[PDB]
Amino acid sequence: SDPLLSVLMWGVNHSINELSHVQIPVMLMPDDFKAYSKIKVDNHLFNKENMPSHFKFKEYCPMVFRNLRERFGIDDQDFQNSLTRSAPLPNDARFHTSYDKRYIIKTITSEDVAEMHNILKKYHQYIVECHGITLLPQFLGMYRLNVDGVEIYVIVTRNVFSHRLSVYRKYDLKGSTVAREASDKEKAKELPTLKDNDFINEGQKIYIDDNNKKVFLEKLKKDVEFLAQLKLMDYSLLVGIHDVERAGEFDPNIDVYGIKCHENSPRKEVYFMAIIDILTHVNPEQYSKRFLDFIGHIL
């Protein structure tokens, strides 16, 4: 056990238990976007084996994230279990993934937390309008952890990749002018992280039918315009391919970002694509177009 993780599991557990008692209305009030719950814990000569002795836990806008979870088809108990039944696994910007591979837990700066607060209402409204059908990150919770001296902020999102089906290739696409190539140290890992020019060079094709491709690009258009209108940029399209003839039917209700290949595909492939890395604030305007140009071409 690493203390900051134990506090997170402890905290998510506590937070979801509290909410289970709250009466949940259909609507959020404007105050729900300014809300939080803090808990400070001090154990003197008690419970040394599991928890640290002195820790704080803060949940931002618990009602908003409760409402978002349900809008994204996530039940609070399942969300609880996925984060609590067993520890989240590391990858060390480092991230953790829930033991069941459903959720990602990433450390963010206080600046990112400030930007999240800044866009949360508009983000929530967007999710309402598109009925939760989007390629944007699905934000599920946001927390502050303190363990004697160290303060960190985390956000929780839905995993873009599958919780069963492995992924043998991964891309990260921005469609920028500034030459985007991968480095060689990455290449030597179980799954590297290829970039723009690796794609427009290793002759990578995505075999999805002309309907699936139409829906996707329509979504992508709306999402990216929303991102641009908030003056956000430097986001990527995360692309991940699962070869069936290596490890292939999936659950579209769990692996919500999956798209099957069309019938004429050279190999049985499942694609996982969504937008990631949205919280940084040449400009945002053309970045969106430049992003849309690129993806329209490569797909």
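The numbering used is simple: start at 1 and walk along the sequence shown. If you superpose the two forms and keep the largest set of C-alpha atoms that fall within 1.5 Å, you have the rigid core.
**Q** Which of these two stretches, 205 to 213 or 177 to 185, has the larger RMS Cα offset in 7 other deposited structures of this protein when the rigid core is kept aligned?
**A** Once the core is superposed, the stretch further away in 7 other deposited structures of this protein is 177 to 185.
**Q** Could you find out if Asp75 - modelled in this structure - is missing from at least a third of the other PDB entries compared that contain residues on either side?
**A** Result for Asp75: never missing in the compared entries.
**Q** Output yes if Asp223 is unmodelled in at least a third of the other compared entries of this protein, no if it is modelled in all of them.
**A** No, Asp223 has coordinates in all the other entries compared.
**Q** From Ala247 to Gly248, how many deposited residues does the entry skip: none, 1 to 3, 4 to 9, or 10 or more?
**A** Per the record, 10 or more deposited residues are absent between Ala247 and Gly248.
**Q** Does the deposited sequence hold unmodelled residues between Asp184 and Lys185, and if so, how many: none, 1 to 3, 4 to 9, or 10 or more?
**A** In the deposited sequence, nothing is left without coordinates between these two.
**Q** Could you check which stretch, 4 to 12 or 290 to 298, carries the larger mean CA temperature factor in the entry?
**A** 290 to 298 has the higher mean C-alpha B-factor.
**Q** Tell me which stretch, 49 to 57 or 65 to 73, has the higher mean Cα B-factor listed in the entry.
**A** On average, C-alpha B-factors are higher across 49 to 57.
**Q** Out of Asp92, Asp100, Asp223, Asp78, whose C-alpha atom has the biggest B factor in the entry?
**A** The listed residue with the largest C-alpha B-factor is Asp92.
**Q** Have a look at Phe161, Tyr126, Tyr168, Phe139 and flag the one whose Cα has the highest B-factor in the entry.
**A** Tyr168 has the highest C-alpha B-factor of those listed.
**Q** Consider only the C-alpha atoms of the modelled residues in this chain, order them by B-factor as the entry records it, and name the third containing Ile254: lowest, middle or highest.
**A** Highest third, going by the recorded CA B-factors of the chain.
**Q** Which third of the chain does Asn43 land in by C-alpha B-factor: lowest, middle or highest?
**A** Within its chain, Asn43 is a lowest-third residue by C-alpha B-factor, going by the deposited values.
**Q** For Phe199, does the deposited CA B-factor place it in the lowest, middle or highest third of the chain?
**A** Answer is highest: the recorded C-alpha B-factor places it there.
**Q** Based on the deposited C-alpha B factors for this chain, I'd like to know if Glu190 is in the lowest, middle or highest third.
**A** Highest third - that is where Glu190 ends up once the chain's C-alpha B-factors are sorted.
**Q** According to the PDB entry, is the CA B factor of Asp112 in the bottom, middle or top third of its chain, that is, lowest, middle or highest?
**A** Tercile = lowest for this residue's CA B-factor.
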